[PDB]
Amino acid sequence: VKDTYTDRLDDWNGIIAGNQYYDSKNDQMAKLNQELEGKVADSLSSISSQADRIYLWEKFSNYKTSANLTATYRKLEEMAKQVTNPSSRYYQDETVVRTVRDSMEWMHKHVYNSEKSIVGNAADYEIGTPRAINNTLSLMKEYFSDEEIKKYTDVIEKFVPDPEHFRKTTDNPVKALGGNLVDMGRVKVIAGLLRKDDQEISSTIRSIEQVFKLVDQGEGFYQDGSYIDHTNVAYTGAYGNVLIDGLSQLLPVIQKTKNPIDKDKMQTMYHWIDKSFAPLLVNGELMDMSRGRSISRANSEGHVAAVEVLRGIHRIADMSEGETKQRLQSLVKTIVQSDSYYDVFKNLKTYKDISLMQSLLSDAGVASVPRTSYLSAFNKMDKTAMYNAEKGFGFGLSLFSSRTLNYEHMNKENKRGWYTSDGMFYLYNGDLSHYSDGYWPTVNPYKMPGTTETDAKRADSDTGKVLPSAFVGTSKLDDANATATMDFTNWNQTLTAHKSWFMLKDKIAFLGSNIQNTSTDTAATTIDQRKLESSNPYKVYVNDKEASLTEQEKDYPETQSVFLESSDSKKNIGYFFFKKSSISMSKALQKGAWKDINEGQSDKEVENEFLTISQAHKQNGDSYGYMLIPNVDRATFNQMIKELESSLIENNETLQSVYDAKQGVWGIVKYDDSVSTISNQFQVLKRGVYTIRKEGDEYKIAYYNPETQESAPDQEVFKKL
């Protein structure tokens, strides 16, 4: 029966499927329609038919694994899309309609109703299944009665009664916070419309609006652009995605209800985009260090996961106006055009999204200009992201602290993420595929790049830990220059290290002092473990003389430099050792399967070649010291190592410092309150992290106390001579 609720649901249909927009002459839309035709055909030839059955689809028959509830309903939802699309061969097909109806009823009676309790994992009962049911009913509302729609959604009201709290019917209720708050929103607003219920719509809206508050603790967005979820995990790039994805689908609907959303909170969303998401997006890639356990999914590599954010941003634009619409359109267009590696359209799954993207890409009013340089210090989630537009590389630094969990191993995903936050660094260069094409199941998880570790074996069943120390964070001076440290202790308290990083515009210095080991295991720092491309061989130099690398590890004592030379400058990698160091290197084929790291994934064998560089720490008090210099040619690299010969100022147990004489910049880490005099020009006074620039006779000063999470008045921490 038709009224304002179903007008709203027509708008929902246009957002979730978008059949009104479908155009058979449009190549990209036709491809999506063909994917759905094939899905519906496999479902239809597959389904159990005849006398009453124990399951609908065999491959999804164990109703005690809850992923099979939602997988089952998502098949019915595809049918619904195709049944209401005029260019589908299944358009108003009598078999598809009866099939969706008897299948809704079959599930209602044997698998998913109000007398059921949660078995397996709750997200299925409260979010995934509900959303699939809501979408099915809404697409197909003209084939169900109001009484049937109420029947099929009563279960949604049992598992999710409350605008606010999540899991309430279990023996362990909670606070739906962050992206689950938005996921609840999609569940409840839409059942709300479906059931013709005004209280449920308004109170669910009032309740989603709390997502717009900045927090000081726990889950949500922080004023420095960090995003936290699952209590203490850096999560912008998986749950932050869900929150932007989901809100951006709902808002055109929410804005036409009795209870629209004040347009001053739209300014908070724009801020999330600029402060939180945008710095994480590099050449079309969403940095893995922000994606938690999703890094272990073959179907969600970085460039794919990026699209979830981009389509959310592009939806926000379409409900904005004037200058802000155009600016967000350009943000999206410039990211999509930078990406020579992944085709955006492969993760646009409604016609309306395809349409919005096509028009943005071909509208010459919308500027596509290369992104400018930036440096975001996400102290509130212990991450840093840097990007240099001049030379064209990004850099990601994944830490953790007392305030945050190192890695997330949950629902059998991400089994070997042990060291992904132990000072691991990321380097985004001209190889856009680097962290993709099966990087995660093939990388050696004992040798994560930048980490100092022992070689003990680790168990997959292990879970994440916080760090004993709060002394972890980043002091940002400007968009080119920052410094960080991590007062590092390994997972079983046998190895330590003072690890520090000095971000100096076009290079990063890695310093480590106070390295101590009380285990019987050997210790080492992985300088690099880079995935190679057969199409692009590196020629390797050690001390500026060609080396030939093999499977077997070779030793290179008395090393000042290593240089990885490609035919493409934007893929070059130099390492300059301030003091001669004793290193080892190999190039080897590494194999593994995605199942090895995530129980739900394919067991099919994957392979990639990797080059590993490492430095052994045989004695207590050991030390490392080097400068990563990406994206320059060999002659330029040789010149810079001459410019930098006296750049190391100290690398010991209380003081770590690097000076860039060309910019006039110092990065400095102090572990105690002594008076350190630096380069005969000034003194620093307090334990903490410093980035300092000399401009003529004055000093610009960025000081950060990572433990208290506070800057400080200049005269407490600094004194000119």
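A residue's number is simply how far along the shown sequence it sits, counting from 1.
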- Note on the structure: Quick note on 250-258 and 359-367: per-entry mean CA temperature factor is higher in 250-258
- Task: Would you tell me which stretch averages the higher CA B-factor in the PDB entry, 564-572 or 172-180?
- Result: 172-180
- Note on the structure: Per the deposited B-factor column, the C-alpha that peaks among 339, 219, 126, 94 belongs to 126
- From 487, 343, 147, 308, which pick has the Cα B-factor that tops the rest in the entry? 147
- Thinking about Cα B factors across the chain, which third does residue 699 belong to? highest
- Considering only modelled residues of the same chain, in which third does the CA B-factor of residue 43 rank: lowest, middle or highest? middle
- If you rank every modelled residue in this chain by C-alpha B factor, which third holds residue 385: lowest, middle or highest? lowest
- For residue 669, the third of its chain into which the C-alpha B factor falls: lowest
- Task: Determine, from the deposited record, the chain-internal third of the Cα B-factor for residue 395: lowest, middle or highest.
- Result: lowest
